[PDB]
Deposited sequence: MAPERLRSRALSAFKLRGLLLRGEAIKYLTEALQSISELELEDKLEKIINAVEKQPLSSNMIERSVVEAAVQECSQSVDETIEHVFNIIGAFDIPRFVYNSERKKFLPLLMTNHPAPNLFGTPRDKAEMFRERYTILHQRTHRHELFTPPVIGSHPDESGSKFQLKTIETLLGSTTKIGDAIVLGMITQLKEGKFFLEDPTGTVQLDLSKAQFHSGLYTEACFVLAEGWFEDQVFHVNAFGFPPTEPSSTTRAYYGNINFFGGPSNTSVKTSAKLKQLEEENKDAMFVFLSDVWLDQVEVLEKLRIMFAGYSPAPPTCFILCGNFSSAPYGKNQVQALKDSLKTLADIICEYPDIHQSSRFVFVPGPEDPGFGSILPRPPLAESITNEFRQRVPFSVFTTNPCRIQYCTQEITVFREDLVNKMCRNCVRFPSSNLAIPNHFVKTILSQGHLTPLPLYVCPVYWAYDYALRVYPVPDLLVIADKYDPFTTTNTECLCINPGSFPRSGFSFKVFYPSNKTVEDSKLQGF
């Protein structure tokens, strides 16, 4: 009840009801259950839900939005209009705006953008005028982000996050107590831990030695556990590497006996890593390691971690480059890319606010990639430079690629929501 690891495929599914205006448990609805191989309808619902979660959220912030069918209908020029829709590039350079009621040709040639990383498939609030079946946009913006407190105020204490509890953990004065008492609680995040590289192993030793006098609550080691996924034989190389890691962890009894280890797999690791959510590394691959290090769990990607009253979502993906390669335009340089980036993820309330061809997702399981309600800590382990930002009450960090960031990693003290950094390059 104090520390739970929730896999993507165990995330409680909720369906929004536009009528009762509430989120209902899957079995409490007439909505078909999810399967890996979905139906054409499922593929459509994927984006409908993405639109619906934003619509519902946006309708409460309050401006008068117009649907697209409303515009496509009109026989006259609609001077002013703000529409919530998804940007799609049907033809190169030709952009359109889509919503449940229809699609409309977009003219963004004179549009201005608020901060954020605007990409193909992002939902936006487009303000402008309409005439002759074309929507001329003056300004693009993102639907306003709704903080946890607000979501909780409207919907109650539904446990959207998942885990043992049947009610939100942010409403447990008991866990709040424990959370504030355990000031030494600490989570260490690393990414691209290439176990096949000698230097990576040497730096993990230094980390274990340095943490022995005060072993962290948990080490979250993120994916791409091999610097070389070409291989003389991939699966066995990974199994061998884990043997070495287990040996090193066992050589530091203080860490071995106190610290929990969580392994979040990357897109290049064995398994179906290129479609999300992806399952954990195969048990045949990890059995041996788990026998020597019983306090470990190999989870999905993304995955959710619940610690006392705090929600932590972890996602390993080279997301920033995907977003950049699919941008409508470059954001203004008066704000750093990670700040634009985080605004996007939270405003979209989704980890992969991109097209399926860019971020393949099992249609029926898209809801598992949601970032709403906003969590306490969002970890996007990316090969992109490390960073720590704070948007809408949510701490968002990226420890970066361990082997390529001078062996940098991030530390999170839950007691007072503080984030710290370390770098072992010089050793």
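Positions of the deposited sequence absent from the coordinates, in order: 1 to 83, 146 to 162.
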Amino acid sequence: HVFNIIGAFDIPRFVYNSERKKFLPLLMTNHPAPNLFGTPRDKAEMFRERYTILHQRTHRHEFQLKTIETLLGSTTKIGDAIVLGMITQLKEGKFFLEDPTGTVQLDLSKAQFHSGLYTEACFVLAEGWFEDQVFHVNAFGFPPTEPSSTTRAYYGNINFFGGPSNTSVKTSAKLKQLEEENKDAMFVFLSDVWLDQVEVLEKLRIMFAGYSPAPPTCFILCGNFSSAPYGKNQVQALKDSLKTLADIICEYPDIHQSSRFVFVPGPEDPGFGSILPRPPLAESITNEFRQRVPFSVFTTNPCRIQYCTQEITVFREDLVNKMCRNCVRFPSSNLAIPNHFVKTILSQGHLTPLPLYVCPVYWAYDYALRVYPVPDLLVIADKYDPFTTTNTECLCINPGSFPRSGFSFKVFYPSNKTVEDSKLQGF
From here on, numbers count along this sequence of modelled residues.
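Per the PDB record, of the two stretches 188 to 196 and 168 to 176, 168 to 176 carries the greater mean B-factor over its C-alpha atoms.
Taking only CA atoms, the mean B-factor in the PDB entry is higher for 86 to 94 than for the other of 281 to 289 and 86 to 94. If you compare the C-alpha temperature factors of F23, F407, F412, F9 in the entry, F23 comes out highest. Within the group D42, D376, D385, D366, the record's highest C-alpha temperature factor is found at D42. In the PDB entry, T389 places in the middle third of its chain by CA B-factor. Ranked against the other modelled residues of its chain, the C-alpha B-factor of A381 as given in the entry falls in the lowest third. The deposited CA B-factor of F130 belongs to the highest third of values across its chain. Ranked by C-alpha B-factor against the other modelled residues of its chain, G231 falls in the highest third.
When the modelled residues of the chain are ordered by C-alpha B-factor, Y155 sits in the highest third.
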